[PDB]
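Comments concern the structure below.
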Amino acid sequence: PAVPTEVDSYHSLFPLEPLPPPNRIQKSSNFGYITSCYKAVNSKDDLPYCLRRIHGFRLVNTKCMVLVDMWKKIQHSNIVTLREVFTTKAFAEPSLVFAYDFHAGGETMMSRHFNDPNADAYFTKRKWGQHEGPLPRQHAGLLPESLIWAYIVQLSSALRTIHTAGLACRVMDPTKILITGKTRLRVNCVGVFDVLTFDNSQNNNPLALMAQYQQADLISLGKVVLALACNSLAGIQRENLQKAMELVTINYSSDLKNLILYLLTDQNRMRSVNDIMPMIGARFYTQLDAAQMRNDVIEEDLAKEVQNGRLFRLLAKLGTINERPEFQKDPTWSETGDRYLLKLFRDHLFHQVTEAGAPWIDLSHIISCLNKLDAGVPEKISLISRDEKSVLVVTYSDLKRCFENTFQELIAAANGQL
Amino acid sequence: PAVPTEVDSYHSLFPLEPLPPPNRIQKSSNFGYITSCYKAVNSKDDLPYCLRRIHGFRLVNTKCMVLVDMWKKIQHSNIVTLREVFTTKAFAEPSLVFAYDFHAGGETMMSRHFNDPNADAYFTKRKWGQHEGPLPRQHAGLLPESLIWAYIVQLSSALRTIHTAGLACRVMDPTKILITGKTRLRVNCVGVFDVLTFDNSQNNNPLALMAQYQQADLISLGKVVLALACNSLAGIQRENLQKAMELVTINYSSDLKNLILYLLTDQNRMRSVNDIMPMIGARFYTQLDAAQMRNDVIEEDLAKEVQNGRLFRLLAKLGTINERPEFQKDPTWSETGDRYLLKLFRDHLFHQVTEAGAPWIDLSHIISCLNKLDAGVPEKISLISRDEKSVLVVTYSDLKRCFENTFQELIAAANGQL
Amino acid sequence: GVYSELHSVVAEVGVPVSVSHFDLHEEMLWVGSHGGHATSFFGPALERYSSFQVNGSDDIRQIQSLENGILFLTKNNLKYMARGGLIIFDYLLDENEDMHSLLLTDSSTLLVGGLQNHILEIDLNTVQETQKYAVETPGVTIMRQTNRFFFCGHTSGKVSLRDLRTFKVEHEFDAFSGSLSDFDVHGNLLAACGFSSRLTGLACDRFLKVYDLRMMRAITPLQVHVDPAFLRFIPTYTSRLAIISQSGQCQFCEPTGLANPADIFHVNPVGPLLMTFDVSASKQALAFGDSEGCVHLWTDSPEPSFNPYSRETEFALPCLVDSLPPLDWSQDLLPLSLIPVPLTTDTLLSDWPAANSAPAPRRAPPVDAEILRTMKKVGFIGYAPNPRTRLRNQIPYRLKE
C-alpha cells in the first residue's frame, strides 16, 4: 500500500528484489543511483512486465530515444530485451521506470557460483613465511570447462550481435547475468547506463565513445571470464593477475590460455571478436548437440498430454450446453422430444449410481466414454432414466450428431442468426 | 505370408517400404543384395524398432563384433542409433536383422526435395544447341541458405563425432538421409558394411582402410551437399559439376562455394573437419539462435497444456457435483447450503447473456473465471441467485474451498468412506 | 397345432394394451398401451428391448414393422422411429381425423384411416400425403390387403372389398346391422364377427358371417358358443378360425365345418378383458393383450421361431467399469493418458470457430456501492435485494466493438 499499485496500464505490483529503504542514502554502486525492482501487468496487451525504478533521477535530454529505439529493435535469446522506458510521478519522487518482461528463476553469477567465500579464500589467503606447495590440479569445486566454454559462447554471441547493431552493453558484470535453468544466460540492465551517463557534451554525436565502450566491454569480459575460471572474483585484481595466469596454465587448456592472453594483455588494437571465433573450435559441436538433445527430450515429453486442451474444451462445451434454463419449457427437451437423449446422456455420465444406491463416480469411465464419443465409434450404449420409465440404446455417432446440432443452434442464437 | 510374425524378441512386423517381389533376383543397387524393411516391437523393453533384413548371408569372421560394439557405444543425435544385430532363420533363408531405435515421420532428401523432375530438368533436357542465355536469377527450387547451412552443420558434426571414434559411416546419401520434422536430420543404415562386406583381406585389421573410408565419406558428403544446393542429383555428375559450380556461384554465398571447392576438390591432404569451420562463421550462432527460438515455442505450449489438464480435474468435479438426486437430499446443495452457490456459479459460467439477453458464448470468460477459481484469487465474485432475489459476494478462494469440500465429500461417500 | 401358454408379461401396470404387433423382420414384438407408452420385447424370453413414451395424450392404435424402423400410430400423429428410439420422421395428422387403421401396402406407402370419411395414402420417405380417397361409409377401423382387393371393415357392421388400384367400392357385405368387431380374409374365405341390433339392443352375434370369395356369397353362418369379438384365419393345415371373445373364451373352428365345443379354450375367462390379438406369420405364436396391459403368448412349439427367416438382433454391452486403471481424483499429478484412446481421422466433434475461440482479459468489476451498503451478512451468504439494473446473468464485461 505504501507504493502506489497503479501506474498507467500497470497493476498488481509486487516487490522482487530486497527493497532499498527510502532512507538509504547509499546509492547502488553498479550505476550510481538508488534502484528498486518490481513486477506489474500491462493492460494494453495483458502481458507481465518487470519494472526497474530509479530514484531522484530526472530525464533531462530527449536525444537518447534513438538509442532506445535501437534497443527495442534489438532482440536476442540470452538478452533481457529492452521494451520501454518512461517517467513516473505517482511515486514519492519523480522516477524513471524501465519495463522489461520477467523471467522467473533468474539467478546471478555470484548467487549461483560465487556465493562461497572459500572460492575466494585462495586469493585472499597469504602464506606468511610458509613455503607455497603445489596447487591442486583438481581444485575442489572446479567447474567442467565445457560450462565455461558455453558461457563464453553466449557472451561472445551477445557482444557480436550488439556490435553488429553498433551499440555498447557496458554491463559486463556477473551481477547482470541470470542463468535461467542450468545454462541459458540472460544479460541484464540494457540501456540503464545509456540513460544515466547520457551526455550531450560529445558535439551532439553520441557515437564518439562507442569504440571505447566496446574495448571496455571486452576488457571487462576478460576479467569476468578469468573470474569464472578461478570461480572467484578475487583473481581479476591486478595483484593476482599472474596468480590467475599460472592457475590457468596448471588447470586449463592452451586454448583458454591464449584467450586470456589475447584479451588481458591487449593487442593495442581495435580487436575484432571474429579473431577469436576459431579458438573455441570443436567444442561448438558439443554445445549444439547438448541443445539438440534437450529439444529431443522435451519434444518427446510433449506427446504425454497432447489431448488435454482438446478434452478440457470438450467439457467446456458440455457445461455451456447442459443445464440451460431457456430450454426447460421447450417440449423438444421433454421426454417426448428428440433432445431428451441429451439429458439422459448427461444423467448416465454424471448421475449414474451403484446398484446399492451409493454414488458411482469413475473418472476412468468418464474418460473412456469421452474417448468413444470423440471417436464416434459404432459401439452402442444404453441410457436409463432415474425411474427406469424409458430406456434407449443408441450408438455414439448419433450422440455426436445431436451434440453438434445443438451447439450449432446455440452458436447461431448467440450470433443472431435465429 | 512372406513376413513372419515373431523374429527373436520382435513381433508385429510391418513392412515399411514396398518389399521387392520374391522374383526380383536383382540385388538392391544401394547395398548389393536383397533388402527388406519392417517395423517391429521389442517384447522385453517394449520399444519400437526398425528391422533391416539382408538375404543370403552367413557370418564369415566374428571380428566385426568389435565394430558393432563401437556403434553400440556411438550415441549421436543425427544418426539412426544402432541397437543390436542378430541372426534369424524364421525367414525362408538365414538372414541378418539389424535393430535400430525407431523414429517416425522421416522423409528422405529425394522425397522432400529432389522429387521434382523439373529441378533436374535444368541440368538435363537443355536446349542442346540453342544459345543458352543468362541463367534465371531465381532458379526454381532455391532453398533457404540458412537451412542448407544448418544441414551442413549437422552433417559435419555427425562426420566428426564418427571419425573421433575411429570409424566411417560410408552410407551418407540422399536416399539415406531422412528429415525428421523440418530441419532435424537423421542418417540411417549405420554399421552395415562392417558385417556385409566384412573380409579379413586387410590383415584382420578393420581399421586398416579407415582413412580411405573417411576420405570417401568426405567426398560423398560433398556430393550430397552439392545435390542439396542444386536440387538436382544431375548436378553431382562429373559432366554437370561445372554447371553446379557456376549456379552456386551466381546464387549462394562465397563461403558456400569455397566449402564446396574444399570438400569436392582433392587437396592432396587428409582433409580435416576443423579446416571447414571458419568458413561457416556467424552462421553457427545464427543456427543456435533459431534453435533456442524453437525451444521457447515448445516450452510455452507445454505450459499451456499441463495447466489445462489440471483444470480438467476441476471440470470433472463440477460434472460429478451438479444436479445429482442425492444432492437433491443434501442440505448443502440447497439454497441455504453452499453448493447451491456452486450451482449459481455454473449458471454464471454458461448462462451469460448480452444486454439484450441474447446468449453469450465465449471461451474467455469461462477460462478467466475458472483460473480465478482454481487459483482461489482474493478477487471477489458477486453471484446473483436463479430466483433473482439475492446477490452474494464471495471470494474465489471461498468458492474453491467449498467446491473442493463438496467434491471430496462426494467422492468419500461414493467410495463408502462416509 | 395346439397352442399352449409360453409366457405372459406386463407392458404397463394398470394401463391397457391398446395395440400389439409382432415385428416381421426380427424376433421382436411391440406393445402400445392406451396411455401413450410403448415397449418392444425380444424372443420367447420376453426381454425388454426399448421402452418410451411415444405421445403424451393419444392412445396407440396400430404398429407397423418396416425394414428400416417402426411406425407408431396414435389418435393425432404418425411416428416413424428407429428401433433404438431415434426419431426418423414425425408426421402430425389432422386433429379432426380419428386416426385408427394402418396398412403397409409396400415398403414406402402407408394407408391411414379411421372414424373419418377419408383414407390418406402417404409416402413415408418423403413424409408427405400423396393421395386422399373418400369413403362413403366412415368408420373404417380394420384394414387388410390381399393380392386381390382391399378389405375394409366398417363400424356399421359392413365389409367392403375395393379395387387395389382405384379404391372404388366393388363389393359389399352387410355382415351386421349393428357394429363390426373383427373380420379376417384368407385365400377363398372371409370370416366376420361383430355386434347386431336386436329387440334387446346391440349385442354380440354368435353366428360368424362366413363368405366364400370363390363364389361371392354368404355361406351358412357358424354358430359359436362364445361372444366372438375377433376372428383370425390360422392356415397351419386347414384355415382354422381362431374365434376370440373379449371375455377370454376362444375357440378353434372350421371355416366350412361345424363348431365343436371341444375346440373351446380359455385365455383369461375371469378378470382381464381381451383387447388386442395377433398371430405370428409362422403361425407358431399368438399374442393377447388384455385390459390390464398384460400380453400373453401361446405357442404350438416349445421354442418357435417367430419368423422362419429371422435376422440377428444386436444387444448393447453394459459399461465395462472394472477394466480401466484406477486414478485418484485427489492425486492431481498422475498422468491422465493411461486411459485407452482410439483414434478417428474425422474433424473433432466440438471444434470451435475462430471468433468464439479467442481468449481475452475478463477482470470482474467491483461491487456496486448500493449493493455494498444494502448487503447484510447472514452466516456466509450475502443477502442483498436485486438492484434490477441488469439482466439475469448479463455480461459483466464491456464487449469491444
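Chains: A, B, ... in order of the C-alpha cells. Residues: from 1 per chain. Ligands: from 1, in order shown.
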
Exercise. Pair the Cα atoms of chain A and chain B in order, fit the first onto the second, and let me know the RMSD in Å.
Key: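 The fitted C-alpha deviation between chain B and chain A is 5.2 Å.
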
Practice problem: Identify every residue of chain C that has at least one atom within 8 Å of any atom of chain A, counting only C-alpha atoms, and report the result as a ChimeraX atom specification. | Solution: /C:50-56,84-87,316-321,324-327,329,335-337,339-344,348-350,361

Exercise. Using backbone DSSP assignments, extract all strand (DSSP E) residues from region 170-207 of chain B; output them as JSON, numbers by chain.
Key: {"B": [177, 178, 179, 185, 186, 187]}

Save out the residues we just selected, C-alpha atoms, as a CSV table (one decimal), in the first residue's frame.
chain,number,residue,atom,x,y,z
B,177,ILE,CA,19.3,-39.1,-45.1
B,178,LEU,CA,15.8,-38.6,-43.6
B,179,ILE,CA,14.4,-35.3,-42.4
B,185,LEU,CA,18.4,-34.7,-39.8
B,186,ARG,CA,18.8,-38.4,-39.4
B,187,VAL,CA,21.2,-40.8,-41.2

As a CSV table (one decimal) with N, CA and C atoms, in the first residue's frame, please: the residues near residue 228 (chain B) (cut-off 9 Å, only C-alpha atoms, same-chain neighbours under 3 positions excluded).
chain,number,residue,atom,x,y,z
B,109,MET,N,15.9,-37.1,-48.5
B,109,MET,CA,16.4,-35.9,-49.3
B,109,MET,C,15.6,-35.9,-50.6
B,113,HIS,N,12.8,-33.0,-51.6
B,113,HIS,CA,13.4,-32.0,-52.4
B,113,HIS,C,13.6,-32.4,-53.9
B,114,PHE,N,14.3,-33.5,-54.1
B,114,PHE,CA,14.6,-34.0,-55.5
B,114,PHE,C,13.5,-34.7,-56.2
B,143,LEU,N,16.8,-23.3,-52.0
B,143,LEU,CA,16.5,-23.5,-50.6
B,143,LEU,C,16.9,-22.3,-49.8
B,148,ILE,N,20.3,-24.6,-45.6
B,148,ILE,CA,21.3,-25.5,-46.1
B,148,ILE,C,22.6,-25.4,-45.2
B,174,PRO,N,21.7,-39.1,-50.4
B,174,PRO,CA,20.3,-38.5,-50.4
B,174,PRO,C,19.3,-39.5,-49.8
B,223,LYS,N,29.4,-34.4,-52.4
B,223,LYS,CA,28.5,-34.7,-53.5
B,223,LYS,C,27.1,-34.5,-53.0
B,224,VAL,N,26.8,-35.0,-51.8
B,224,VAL,CA,25.4,-34.9,-51.2
B,224,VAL,C,25.0,-33.4,-51.1
B,225,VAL,N,25.9,-32.6,-50.5
B,225,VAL,CA,25.5,-31.2,-50.3
B,225,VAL,C,25.5,-30.5,-51.6
B,231,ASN,N,19.3,-28.9,-56.0
B,231,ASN,CA,18.0,-29.5,-56.0
B,231,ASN,C,17.9,-30.5,-57.2
B,232,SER,N,19.1,-31.1,-57.6
B,232,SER,CA,19.1,-31.9,-58.7
B,232,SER,C,20.3,-32.9,-58.6
B,233,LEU,N,20.1,-34.2,-58.5
B,233,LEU,CA,21.2,-35.1,-58.5
B,233,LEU,C,22.0,-35.2,-59.7

Self-check item: Point-to-point distance from CA of residue 248 (chain B) to CA of residue 139 (chain B), Å rounded to tenths
Solution: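 CA of residue 139 (chain B) lies 10.4 Å from CA of residue 248 (chain B).
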